[PDB]
Amino acid sequence: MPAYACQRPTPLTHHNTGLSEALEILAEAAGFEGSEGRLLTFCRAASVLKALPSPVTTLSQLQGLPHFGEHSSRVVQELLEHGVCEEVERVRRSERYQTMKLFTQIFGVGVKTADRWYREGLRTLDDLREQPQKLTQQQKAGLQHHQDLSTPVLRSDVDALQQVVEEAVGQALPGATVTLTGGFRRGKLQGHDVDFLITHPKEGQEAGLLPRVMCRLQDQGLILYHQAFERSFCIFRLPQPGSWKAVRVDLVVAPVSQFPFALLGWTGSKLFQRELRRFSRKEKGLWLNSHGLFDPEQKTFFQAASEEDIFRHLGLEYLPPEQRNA
DNA sequence: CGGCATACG
DNA sequence: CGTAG
DNA sequence: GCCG
Ligand SMILES: [Cl-]
Ligand SMILES: [Mg+2]
Ligand SMILES: [Mg+2]
Ligand code: NA
């Protein structure tokens, strides 16, 4: 088992679901406390289990696996022995975990804001609704739409959204293309937002495109919330039988020269991208982001025509999106 | 021990 | 500070 | 919390 998540296939569904879920609770709690290193280790250990070819049934099977030391191994041992891990259950039940989870799920609210509200005594969404003057316009939107944004998006919904985005993009710039990215591109049947990447085959033509796209979607009455720019974090009106619901949609524009890098980054998973960028820098001495891949010694950027190019540049076996579910 | 990804709005 | 993967 |  290789130590980096980008060196191994990780399917969406796997053989150690309960164990991985438990480790991800501890990772999430670590993030709520600002412990980014512990969050990363628990996330990585969880991801190792997702990559295994069969269920872990005994503690012995963890020996030699990367990112399993005394703490993560103890969690797995308790789950194997008793079906529950007392540490995990205490987190789940805790008022701090539950409230930080609720608050950070609000669009516009991060860990820092959630933690401040927690220390001020706030615990519920209606607590926040009762002092709306201390809310940003983005938080106001997130709170008004919170209930809809909590219900998953289906692949049917995505197809309908992609058609309306394509219509707007086509008027904004004929020839521009719309690619579904994010979790749906990794094979998810549901998601909590939809991600699209927009480019144009003629380099430079995409400059200034996103404002034109957003104006057209807004004129069509489809935009419930949004803020020169190249990423737009929107709330869209999605038709439903006899009504509609709010859906988070991210729109991103990239020049075609950067499109493989942007496609790679926006397809995720988050852990996969962090691991790929860590691998690039620490093992290959190259600097990776969603715009390109830089050689800091020759001071040159790699050209890529495909994601396959990027994996080859980094000396990694190619993984399709469905195997990037780290 | 230091390191832990790297952007944009 | 928020957002993204 | 774990790795190198
Ligand atoms: Cl930490
Ligand atoms: Mg997404
Ligand atoms: Mg998104
Ligand atoms: Na949030």
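To find a chain, count down the sequence lines: A is the first, B the second, and so on, and within it residues start at 1.
- Residue A:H71 places at least one side-chain N or O under 4.0 Å from the OP1 or OP2 atom of D:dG1.
- With both ends at atom P, the span from B:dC4 to C:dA4 equals 23 Å, rounded to whole Å.
- Both A:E230 and A:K282 sit near DNA chain B, but only A:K282 has its closest nucleotide nearer the 5' end.
- If you measure from atom CG of A:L251 to atom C1' of C:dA4, you get 12 Å, rounded to the nearest angstrom.
- A:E87 and A:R90 are not joined by a salt bridge, as no carboxylate oxygen comes within less than 4.0 angstrom of a charged side-chain nitrogen.
- OP1 or OP2 of C:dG2 sits under 4.0 Å from a side-chain N or O of A:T113.
- Side-chain contact, A:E283 with A:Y4: a donor N or O sits under 3.5 Å from an acceptor N or O.
- Contacts of A:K284 classified as salt bridge (charged side-chain N to carboxylate O under 4.0 Å, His left out), with partners at least two apart in sequence or in another chain: none.
- Positionally, the nearest nucleotide of DNA chain B for A:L288 lies more toward the 5' end than for the other of A:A228 and A:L288.
- Taking the six-membered ring for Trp and the full ring otherwise, A:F42 and A:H67 have centroids separated by 6.0 Å or more.
- Contact check, A:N289 against B:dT6: no side-chain N or O comes under 4.0 Å of OP1 or OP2.
- Pairs engaging residues 268-280 of chain A under the salt bridge (charged side-chain N to carboxylate O under 4.0 Å, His left out) rule: A:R44-A:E275, A:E275-A:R278 [sequence neighbours left out].
- Within residues 269-281 of chain A, the residues that have a heavy atom under 4.0 Å from DNA chain B are, in order of number, A:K270, A:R274, A:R277, A:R278, A:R281.
- No cation-pi contact links A:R248 to A:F236, judged by a cut-off of 6.0 Å to the six-membered ring centre and 45° from its axis.
- A close approach under 4.0 Å does not occur between any side-chain nitrogen or oxygen of A:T136 and OP1 or OP2 of C:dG2.
- Considering only side-chain N and O atoms, A:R231 lies nowhere under 4.0 angstrom from the phosphate OP1 or OP2 of C:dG5.
- Proximity note for A:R248 (side chain, C-beta onward) versus C:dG5, C:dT3, D:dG1: the nearest is C:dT3.
- Spacing of P atoms, B:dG3 relative to C:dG5, comes out at 29 Å, to the nearest Å.
- Ring centers of A:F302 and A:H313: under 6.0 Å apart, within the cut-off.
- Rounded to whole Å, the distance from CD1 on A:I310 to P on C:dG5 is 18 Å.
- Among the atoms of the strands shown, none is found under 4.0 Å from any heavy atom of A:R185.
- Out of D:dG4, C:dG5, D:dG1, the shortest distance to the side chain of A:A3 is found at D:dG4.
- As rounded to whole Å, 12 Å separates atom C1' of B:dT6 from atom CH2 of A:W266.
- Here the side chain of A:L40 is nearest to one of D:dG4, C:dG2, B:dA5, namely B:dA5.
- Within the 4.0 angstrom heavy-atom criterion, only backbone atoms of the sugar-phosphate kind lie near A:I106; the bases stay farther away.
- Aromatic ring centroids of A:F103 and A:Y118 lie 6.0 Å or more apart.
- Of the side-chain N and O atoms in A:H291, none sit less than 4.0 angstrom from OP1 or OP2 of B:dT6.
- The nearest whole Å value for the distance from the CZ atom in A:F68 to the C1' atom in D:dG1 is 12 Å.
- The interatomic distance linking A:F196 (CZ) with C:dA4 (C1') rounds to 15 Å, in whole Å.
- Using bins of under 30°, 30° to 60° and over 60° for the plane-to-plane angle, the ring pair A:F294/A:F301 lands in the tilted bin.
- Between the P atom of B:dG2 and the CD atom of A:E36 lies a distance of 18 Å, rounded to the nearest Å.
- Atoms CG (A:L39) and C1' (D:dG1) sit 11 Å apart, rounded to a whole Å.
- We find that CD of A:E283 is positioned 16 Å from P of B:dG3, with the value rounded to whole Å.
- Separating the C1' atom of B:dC8 from that of D:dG1 is a span of 30 Å, rounded to the nearest Å.
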